[PDB]
Each structure stands twice: as structure tokens, then as C-alpha cells.
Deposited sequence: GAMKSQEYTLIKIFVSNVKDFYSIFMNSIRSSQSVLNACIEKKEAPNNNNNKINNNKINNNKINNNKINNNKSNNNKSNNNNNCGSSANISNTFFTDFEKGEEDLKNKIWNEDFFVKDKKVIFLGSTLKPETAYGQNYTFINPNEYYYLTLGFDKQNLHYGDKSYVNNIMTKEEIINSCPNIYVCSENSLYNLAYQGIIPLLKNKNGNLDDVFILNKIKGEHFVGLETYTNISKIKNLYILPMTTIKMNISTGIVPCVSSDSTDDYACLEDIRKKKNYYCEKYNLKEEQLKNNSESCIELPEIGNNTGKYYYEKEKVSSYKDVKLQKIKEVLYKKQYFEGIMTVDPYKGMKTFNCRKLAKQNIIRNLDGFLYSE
């Protein structure tokens, strides 16, 4: 049972998120002339409350639930990765970690979470989302539609963390949304490098512009005799060919263990602390500050 740290990844432009939301509602009503929980006969006021700009701008926070095994690197986050080819679910949940009626969920849950199907019942077991009297689904949206949205966390140095596509995200692991920390992760580095290299493919295919692809990731971890920016260092040394290179999984596992046992933190509030210790503190601080959750499956 692997423990993950979920980080609250807030959406900057909630009105654009609302456009995406209503575009999806309309598409699904058209095709079905499984995307959202149906509204019952006397629930029109609920429908009118949810399908409303106020719901996304005033009433609720819109939050992608990012999953990481390296929470100590969150200050360096430069992008948010999503699987563009898979469906993500929108569901209401709690800000702090529950069989409830639709009305009760609307009245009690301040956050709209975006996450994979895989995560849903795990989240409910963790007390992060309620069960409906079986999960209340506001929408189901392919990841491609979120590519280019601006996100941020309360930990990240920068606040323009665009959503980028990563097709190697496995839908059976956690929430299927991951923080991009390109300085400190070879897979993140690899994916960002492929996007940059094939910027014409990516900006043609998705709602992405060249100028969005230049965000720096502040390295949080130095390795003795290597230095910082270890993601790039192992990308280059192991001759990684792309973010879909079969050897990455092993490189990712080796680098994870090496940073954990040997890394030194290079960012506030952890400067000079060993990564081994910081892993635990960062989990503590993130949870205590209500910036995220512990999650198991």
C-alpha cells in the first residue's frame, strides 16, 4: 500500500474552466440525444445552481488533485501534467479530511475536485469526498480539454503552472494528475523536453502557445558530487530518448531512492536539510496547512 501526497492544484481562470464545463455538458446531451449524475424530477434548482458561472467563480474552488511521491519538490513545480487521452471526473469534496444527499453535498463541500475514476472510492474512504444516497459526478471530461489551463498551488515558487499532456500517466495509479517538477524528476524533464522539441505538434494539437513552454523549475534537491537539476543530469547520462523510453521507469525508481537517501534540500524552508528528513516534514506541513492530503490505495 503506497502512500501518496495529494496537492491542491487550483485553477487560475475559473471562468474558462466554466466554459469547458458547459461545453462538455452540451456535448454529452447532444451525443445522448455516463457523463454526469442525472438530476431527478424536483432537482432543477440544484441543476440551475451548478450549471451557473457563480458555482465556479463564487461558490466553489476548482481543484485538480495532483499526486506525488516527492512532496518536498513541490516548490519547484512548473507545470501540471494530465493524461490527454483519458477521462477525468469532477466531484465535490471537503477542504479538510459521509453518505449525503445531493443537497447536503452541495451545502457542505466547498471544492470541485478533478481526478481519475480510479481515485474516487479511495478518496471517499479517506474522507476527502462524500458518497451520494454512488459518487456525485458533476462531469466527466477528456484530459485534452484541460491542456493549457493555468493552475497554481500554495507551495509553488511560480503561479502559472499550465496543464500539459503526458500520455504515460497510468490511470490505475492515484488520481492520474501529477505535478511537473522538471528540475528534480527525469520523467518530468523528459516530457517537458519532448513538448519543447515538438512545439509545433503540441501547439497545433492543443490549446498551447510557444510562450507557455518556458517556465523554469527551481531545483529543490542536490546530490553530492552531482549538484542540483538531477532530472536533467540523469536524462543526459542515461541517454533517455523520449518521455516514453522504456528505460525511464527504472531511471525514475533509481533516482527516487538516491534523492531520498542522499539528497540535500536547496529551498526554503528546508535549506541544508536532508531530503530523507524533509520528505516527512513536507508531508506534515502540506497536510497541516490544508494544501493537500495523504492518500493510499
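Stretches of the deposited sequence lacking C-alpha coordinates, numbered from 1: 1-4, 38-92, 157-167, 204-210.
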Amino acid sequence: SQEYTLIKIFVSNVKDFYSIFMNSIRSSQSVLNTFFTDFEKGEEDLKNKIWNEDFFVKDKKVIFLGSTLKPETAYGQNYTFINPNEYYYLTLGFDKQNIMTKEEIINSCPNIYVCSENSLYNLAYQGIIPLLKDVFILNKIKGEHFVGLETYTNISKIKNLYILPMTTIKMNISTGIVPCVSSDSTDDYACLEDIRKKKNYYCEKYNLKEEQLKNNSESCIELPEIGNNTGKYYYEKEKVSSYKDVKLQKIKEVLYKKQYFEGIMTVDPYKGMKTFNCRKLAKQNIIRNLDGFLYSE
From here on, numbers count along this sequence of modelled residues.
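In this entry, the higher average B-factor at the C-alpha atoms falls on 41-49, of the pair 266-274 and 41-49. Annotation for 181-189 versus 196-204: the higher mean temperature factor (C-alpha) is found in 196-204. Going by the entry's values, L32 shows the largest Cα B-factor out of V62, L69, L32, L65. Between the residues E150, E218, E103, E144, the entry's highest C-alpha temperature factor is the one at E103. In the deposited entry, the Cα temperature factor of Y125 places it in the highest third of its chain's modelled residues. Per the deposited record, the Cα B-factor of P224 falls in the highest third when ranked against the other modelled residues of its chain. Among the modelled residues of its chain, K159 has a C-alpha B-factor that falls in the middle third according to the deposited record.
Placement of the Cα temperature factor of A282 within the chain: middle third of the modelled residues, per the deposited record. Sort the chain's modelled residues by C-alpha temperature factor and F55 lands in the lowest third, per the entry.
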